[PDB]
Amino acid sequence: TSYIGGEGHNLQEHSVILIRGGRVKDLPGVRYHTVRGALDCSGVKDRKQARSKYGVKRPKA
Amino acid sequence: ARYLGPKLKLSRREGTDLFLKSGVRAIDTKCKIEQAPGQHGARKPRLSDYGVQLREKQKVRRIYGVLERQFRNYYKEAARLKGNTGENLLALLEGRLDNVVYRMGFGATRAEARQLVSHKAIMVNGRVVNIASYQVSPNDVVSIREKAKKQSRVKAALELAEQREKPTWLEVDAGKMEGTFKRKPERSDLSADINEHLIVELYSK
Amino acid sequence: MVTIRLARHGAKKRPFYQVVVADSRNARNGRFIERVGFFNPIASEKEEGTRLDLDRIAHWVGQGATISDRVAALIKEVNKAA
Amino acid sequence: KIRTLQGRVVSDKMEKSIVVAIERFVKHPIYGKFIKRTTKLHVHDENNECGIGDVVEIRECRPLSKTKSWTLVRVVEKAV
Amino acid sequence: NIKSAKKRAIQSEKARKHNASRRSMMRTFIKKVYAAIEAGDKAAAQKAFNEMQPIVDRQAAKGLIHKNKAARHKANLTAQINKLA
RNA sequence: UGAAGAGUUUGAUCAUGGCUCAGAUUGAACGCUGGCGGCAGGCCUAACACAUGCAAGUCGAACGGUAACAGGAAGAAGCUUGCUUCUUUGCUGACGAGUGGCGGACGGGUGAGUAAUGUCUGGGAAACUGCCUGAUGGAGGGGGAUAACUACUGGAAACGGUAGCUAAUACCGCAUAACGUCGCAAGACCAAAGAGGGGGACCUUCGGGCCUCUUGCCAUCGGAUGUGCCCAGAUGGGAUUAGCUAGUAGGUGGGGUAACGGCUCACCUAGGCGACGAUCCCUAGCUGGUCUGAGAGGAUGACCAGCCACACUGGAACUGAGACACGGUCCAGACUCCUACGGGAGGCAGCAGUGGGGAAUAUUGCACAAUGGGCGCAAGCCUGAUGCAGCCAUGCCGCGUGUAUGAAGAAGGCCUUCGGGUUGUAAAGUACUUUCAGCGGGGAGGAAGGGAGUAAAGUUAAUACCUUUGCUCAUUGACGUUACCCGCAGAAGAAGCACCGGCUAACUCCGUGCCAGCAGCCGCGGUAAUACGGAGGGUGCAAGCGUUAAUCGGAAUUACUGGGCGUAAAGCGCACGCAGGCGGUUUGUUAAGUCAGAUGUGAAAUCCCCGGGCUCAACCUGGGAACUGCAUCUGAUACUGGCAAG
RNA sequence: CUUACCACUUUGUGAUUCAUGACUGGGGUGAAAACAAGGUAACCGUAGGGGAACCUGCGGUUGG
């Protein structure tokens, strides 16, 4: 069981993702953490601080 | 990588004057010293035990212009040498060619000193050295290359240098612009208020 | 067979050589019997490009150790400089 | 006279050969206590000159059989 | 694969054929000495030994067998012959 | 040269005690960002399967040769005065195939297996050892082959078969024969090969003999090197594995081996190992080292070096100095490929590379210039070793991305108690500079050597030839348009990422409203919320920065150093008792522990100290120290042990 | 040609695992009043009754 962190979502019922350690104080059994931007996951939208942790690329400004 | 930001706001966080904006205009008339450099500058700066160790380490770095990786290496070497680590570290910082060019007058600020060193316009024992962290030893001869003895900025830096106190441990000539690192400065003749023990406590854990 | 040959050490494009007594079947700078001096090719005014300590070379040649050509050239140079 | 381990017979039932245990008093590597360690060791006596409990000197020789490379030197205490 | 391996294989077959012939002949003579020992004869076995011996020494000369092996056959066979006395 | 703590159980306390955090590290990975260089590192997973190329040859100074190239000598011609066309000639330089020699047992890969005869440390005795080296001696005289070749000749092919031919440093006799082997001795027995250069004189059956030098060949004995073998100690976990073992343990003989040996066999004996962990199961290449730690320890064994083991899987041998053989053999499998369906071929754990697995790991590069290695007298040839180059912020290290001053203290942004404040000397503008990137120009060092010509009566046919030295000449760099130096403009081409409640350096406004979200922990969010998103500001680090994983630390949280058991977890319900651990007192002795001295060993690298070279640093390197161990000898004798006597 | 050994191979017999299997075992899901003085201290072993968790017997403890 993995946690899709961040402010938004795109994952589906077969998509291929990458996961990393770290549990959430959620219901017992969640200890993995989907990597946003790594495979089928995407960086959250209109994110502008702690961007590298959500896979969102630098806005051209 | 150097530090390329505003010079005075770096001094205002440290509180004291750092000699990194040097010349005629005598800061606090340059610009608004003694408020930490931001929107909450007026806010009280009372800070913890780890904050004062950090503040002085930061201040020493900002004076010499050394980054945290080299400063950590300086500390490692100083703590490896024989003797007290704090004055070991200040001596390593003051044997830097950057610094020595500054302290010998030619070179207005340590960043202008570094501008000179980097730009192939200083000779240590008669050959061009352009590394700022190059260590000068007792009895090198730091000198401006001939091609750059006609530079107006080095000549201008020289005058505003005897108003600055001239270090005892090194002896310089302004006519034939050239100097001589005599000895490693002691802690005492390093005219400063650096409290090196909080620095050695910072990296000692 | 025992040969006195150069083991290439040092850094890249700054060769340093150990003069090593070795069984000829080993790798160039692998298992050796004895170190007998060194050779620094990139040292021009740089001092002491070659130390050999020729008593041990004499001992090992008296036992049928062959010399590489480069070590032989180095021995001539050391003898001439003397 | 080369090493002459000095031990005590523990079984004399192989013909022309005894088994000899050697006590060493070694210091424990981590706990620092001096413990006793044993080394049983098949030895060759040609003449069956040894009995259990005897205290015997042995020396090392060429391998006489599988697991037999020590030979008897003396009997120091023909203990009965 | 390699051409020196190709030659070295057929050279080994030729060497092996030569060697098998030679060491079979050596064993023939050695076994004739033996065959005489368990017949219990001293003259027959001494003759067999004295015609075995040049064969074993020459084959240890050319490296078919080691000298130690030659010294072995001769030692064993003389011990047997002399207890046979 | 060496040691830090904080948070969380309560209404509060103090203990206990776990959890979590602050550090260092990495063969990393991922996310965002990315200038230059130096130096290093780069399939950790599938010992998965592998297309293609390359990774081992070389020697004509062993040999028959002479396909092929180029020459000579010709011949026959065209007839240029002999200019070039065909045939022949190994006559020659040379050289494909073949014989023979040496190499292919190295170098290179990998880490499957292996829990201990593998490794490490330290010893040992019963062995062999190509090439190299020392010494001594020999090196006489014959033979029969056979590859190639020629002619047939089957097979799709791979691969063959038949008849004839031919050499040798191939092979086989014979002689000769210790310093060798067997033997107590007498005795007996055991070997070889030439080739090359030059040549006075002489001879020549005009081939050469003869002479001389060089090199090789045989034997024996040493050296050196390498390898085999033995022993002890050490080197994971499991007792929810307690018995294991019939070449099992020993002994006598045979045999075998280079050698000792149950190595093997026949007989005999009936042992051997095990609670100081046998056996069995599981896991694992081992070490120098590495990381972490004040240390003691823990964790590791990538790179580099040493040792082991493996080479599709399982067997086996041969050949050989050496192999039970990575690019050798055969036979058994399993795959793949070919096939004319008879039958064949193959093994990237070499380099590069492909697919595949995977979170993840690079070029199907250049060169043999250097250092090595193989062969060769050599010239040289070969060498995916190696030297380099490519790729990749993977690490480390250095340097850039400007410098000085500049208050209209500008606009603009943000906060405003609307006074301002802040961004902030920041920018702009003024001067200044030009590292590095770009362009031009110079230009080291890695190159020693080898080639040709030059004396010693060197050596002796004295000049030869060859050797050493003699100089002299010309020549050898993959990297490479090198490092570096010089000029050229022009600030010109060159900043990001995390964080800001506490731990923890750094706060405000907006938005949102127990939603959305955050989170390492404490926890935060129900109208503010310095904790969530944006901003503005600030902090930290910076060509990087965060996250994840993982190891040690913190953790005295397995406590040897360095903890506990009344109630926090923890004294067996109670005895008795074997093994085991421990042992009152005084002599004597011994000298095992212990201590001391010595010696030998503890590879190099690494680590540490002092230096040296790279413009500095990293990196490289010299010397040292260290390797805290192991063994041996000598000594001491308080203490512990032994032995004796009390 | 034939012995001796042997890898593999075939058989049987064994051990050991791997998966899955009704079942497990039903974890379920859906369907048929008193806080040591306080509806009857706090426990320990054991045995009974029953869907149990409780209650009761027998011994024991103060940690009432």
Side-chain angles (χ1 to χ4, degrees), chain A residues 49-50, chain B residues 1-23 25-100 102-103 108-114 132-133 135 164-165 167-169 184-205:
Chain A
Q49 296 166 23
Chain B
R2 293 185 292 113
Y3 160 86
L4 301 177
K7 292 95 184 175
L8 282 71
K9 93 195 290 179
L10 201 72
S11 49
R12 299 192 294 116
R13 176 63 65 192
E14 304 306 324
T16 184
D17 179 16
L18 316 173
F19 316 115
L20 53 85
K21 176 74 77 170
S22 189
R25 197 163 153 92
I27 68 168
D28 83 348
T29 309
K30 268 292 270 181
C31 305
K32 199 72 179 296
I33 193 66
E34 61 86 20
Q35 288 186 358
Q39 190 272 330
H40 308 107
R43 185 212 172 257
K44 64 90 176 179
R46 188 232 58 66
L47 78 172
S48 77
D49 174 13
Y50 158 77
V52 286
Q53 318 174 351
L54 191 161
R55 274 301 99 207
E56 69 179 4
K57 184 260 288 190
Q58 283 312 297
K59 154 198 58 181
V60 188
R61 287 175 60 189
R62 317 298 171 63
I63 300 162
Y64 302 101
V66 171
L67 260 60
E68 175 63 21
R69 177 67 84 169
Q70 281 188 354
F71 200 87
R72 181 63 166 264
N73 287 342
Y74 279 141
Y75 170 84
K76 290 212 197 60
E77 183 82 352
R80 189 196 60 85
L81 297 194
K82 301 188 183 74
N84 77 4
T85 303
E87 163 49 35
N88 274 336
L89 200 159
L90 268 294
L92 283 164
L93 274 176
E94 195 78 34
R96 189 180 177 91
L97 173 62
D98 206 44
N99 190 0
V100 175
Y102 166 67
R103 276 275 162 80
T109 60
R110 275 189 195 71
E112 187 196 86
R114 173 155 194 171
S133 58
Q135 288 277 311
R164 282 158 31 192
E165 181 39 68
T168 61
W169 69 77
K184 299 297 289 183
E186 295 293 328
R187 181 71 191 87
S188 296
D189 45 343
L190 271 165
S191 289
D193 43 9
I194 301 299
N195 171 338
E196 69 274 15
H197 85 275
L198 308 159
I199 284 160
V200 70
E201 282 172 355
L202 192 56
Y203 306 103
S204 304
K205 308 282 284 192

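Below, chains carry the letters A, B, ... as their sequence lines are ordered, and counting in each starts from 1.
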TODO: Identify the heavy atoms of B:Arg61 and B:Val66 that sit nearest to each other, and give their distance.
DONE: NE-O, 3.0 Å
Open item on the list: Looking at B:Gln58 and B:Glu14, would you say the former's side chain and the latter's main chain have a donor-acceptor pair under 3.5 Å?
Closed with: no
Task: Interatomic spacing from CD in B:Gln35 to NZ in B:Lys9 - rounded to 0.5 Å - done: 13.5 Å
Open item on the list: So which atom in B:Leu190 and which in B:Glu87 form the shortest heavy-atom distance, rounded to 0.1 Å?
Closed with: CD1-OE1, 3.9 Å
- [ ] Establish, from distance only, whether the side-chain atoms of B:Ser204 and B:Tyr75 form a donor-acceptor pair under 3.5 Å.
- [x] yes
- [ ] List the atom of B:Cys31, the atom of B:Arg12, and the distance in Å for their closest heavy-atom pair.
- [x] O-CD, 4.3 Å
Task: Heavy-atom side-chain proximity of B:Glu94 to B:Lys184 below 4.5 angstrom - done: no
- [ ] Check whether any side-chain N or O of B:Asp98 sits under 3.5 Å from a backbone N or O of B:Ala132 as a donor-acceptor pair, and report yes or no.
- [x] no
TODO: Rounded to the nearest 0.5 Å, what's the gap from NZ on B:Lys7 to OG on B:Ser22? Could you check?
DONE: 12.5 Å
- [ ] Please report the C-alpha distance between B:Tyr74 and B:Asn88 in whole Å, then the side-chain angles of each, then the deciding distance to 0.1 Å, and finally whether the side-chain contact (heavy atoms from CB on, under 4.5 Å) criterion is met.
- [x] CA-CA 9 Å; B:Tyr74 279 141; B:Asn88 274 336; over 6 Å; no
Task: Result of checking B:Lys59, B:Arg55, B:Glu34 against B:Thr16 for side chain to side chain contact (heavy atoms under 4.5 Å, CB included) - done: B:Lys59
Task: Heavy-atom closest pair, residues B:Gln53 and B:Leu198 - done: CB-O, 3.6 Å
Open item on the list: Using every non-hydrogen atom in the two residues, find where B:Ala108 and B:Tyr102 come nearest and quote the distance to one decimal.
Closed with: O-CE1, 3.4 Å
TODO: For the residue pair B:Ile33 and B:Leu8, establish whether any side-chain heavy-atom pair is separated by less than 4.5 Å.
DONE: no
Task: Distance, nearest 0.5 Å, that separates CZ of B:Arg164 from CZ of B:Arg103 - done: 7.5 Å
- [ ] Taking the side chain as every heavy atom from C-beta outward, state whether B:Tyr64 and B:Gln70 have any atom pair closer than 4.5 Å.
- [x] no
- [ ] To the nearest 0.5 Å, tell me how far B:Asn84 CG sits from B:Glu196 CD.
- [x] 6.5 Å
- [ ] Could you tell me the separation between the CD1 atom of B:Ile194 and the CD1 atom of B:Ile63, rounded to the nearest 0.5 Å?
- [x] 4.0 Å
Open item on the list: Between B:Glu77 and B:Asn73, is there a side-chain donor-acceptor contact under 3.5 Å, judged purely by atom types and distance?
Closed with: no
Task: Test item: B:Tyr203 and B:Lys76 side chains (from C-beta on) under 4.5 Å apart, heavy atoms - done: no
Open item on the list: Checking the side chain of B:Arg110 only, and the main-chain atoms of B:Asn99 only, is there a donor and an acceptor separated by less than 3.5 Å?
Closed with: no
Open item on the list: Looking at every non-hydrogen atom in both residues, tell me the closest pair between B:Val200 and B:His197 and how far apart they are.
Closed with: CG1-O, 3.0 Å
Task: Interatomic spacing from CZ in B:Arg62 to CG in B:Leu18 - rounded to 0.5 Å - done: 8.0 Å
